[PDB]
Amino acid sequence: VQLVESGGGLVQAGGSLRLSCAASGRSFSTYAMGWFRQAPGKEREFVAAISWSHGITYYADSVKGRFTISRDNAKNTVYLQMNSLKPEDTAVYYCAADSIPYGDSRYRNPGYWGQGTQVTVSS
Ligand SMILES: O=C(N[C@H](CO)[C@H](O)c1ccc([N+](=O)[O-])cc1)C(Cl)Cl
């Protein structure tokens, strides 16, 4: 099983990116999925999550109104649309999958982690 992030890059402040997390080896349609980030010299932090259940999403306060998480089960892919990017959004972004299917919104150590994609937002 592998999660692979793509869609990172270097963008002017105020611009947008769309990150993709493509899963292989297993359908994750029954699993909640999440995006996290780690800025240089800082700890990993939650960005957004999307349930297996239609329409249920969660966002860190710092990205509310700017980022949107979505998923496409036919492509086995989760997306992070990132609008109104700020220099403080510069980080490696990681996608992850819940440790169990059909989970609630309580904290669990994610069961699978990707290797990350770099996002750099210029001045
Ligand atoms: O983001 C995730 N887990 C967070 C960690 O804070 C939390 O455990 C969670 C799990 C499920 C969920 N959901 O079903 O929408 C939301 C958050 C995993 Cl889905 Cl990768």
# chains A, B, ... in the order shown; residues from 1 in each chain; ligands from 1
>>> residues_near_ligand(ligand="ligand 1", cutoff="6 Å", atoms="only C-alpha atoms and all ligand atoms", output="PyMOL selection string")
chain A and resi 32-34+49-51+57+96-98+103-108+110
>>> select_by_dssp(residues="segment 22-87 of chain A", states="helix (DSSP H, G or I)", output="number ranges by chain")
A: 61-63, 87
>>> closest_residue(among="A:119, A:95, A:19, A:63", to="residue 3 of chain A", atoms="only C-alpha atoms")
A:95
>>> atom_distance(atom1="atom CA of residue 39 of chain A", atom2="atom CA of residue 100 of chain A")
27.5 Å
>>> residues_around(residues="residue 78 of chain A", least_positions_apart="4", cutoff="6 Å", atoms="only C-alpha atoms", output="ChimeraX atom specification")
/A:20-21,70-71
>>> write_last_selection(atoms="N, CA, C and O atoms", output="PDB file, in the first residue's frame")
ATOM      1  N   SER A  20      -2.739  16.499  -4.899  1.00  0.00           N
ATOM      2  CA  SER A  20      -3.413  15.232  -5.107  1.00  0.00           C
ATOM      3  C   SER A  20      -2.698  14.178  -4.285  1.00  0.00           C
ATOM      4  O   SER A  20      -1.472  14.194  -4.159  1.00  0.00           O
ATOM      5  N   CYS A  21      -3.467  13.270  -3.723  1.00  0.00           N
ATOM      6  CA  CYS A  21      -2.931  12.131  -3.001  1.00  0.00           C
ATOM      7  C   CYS A  21      -3.540  10.902  -3.645  1.00  0.00           C
ATOM      8  O   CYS A  21      -4.748  10.678  -3.528  1.00  0.00           O
ATOM      9  N   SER A  70     -11.373  17.411  -0.841  1.00  0.00           N
ATOM     10  CA  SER A  70     -12.384  16.668  -1.584  1.00  0.00           C
ATOM     11  C   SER A  70     -11.769  15.326  -1.958  1.00  0.00           C
ATOM     12  O   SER A  70     -10.569  15.097  -1.764  1.00  0.00           O
ATOM     13  N   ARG A  71     -12.593  14.426  -2.481  1.00  0.00           N
ATOM     14  CA  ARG A  71     -12.071  13.128  -2.873  1.00  0.00           C
ATOM     15  C   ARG A  71     -12.837  12.597  -4.073  1.00  0.00           C
ATOM     16  O   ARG A  71     -13.975  12.985  -4.332  1.00  0.00           O
TER      17      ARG A  71
END
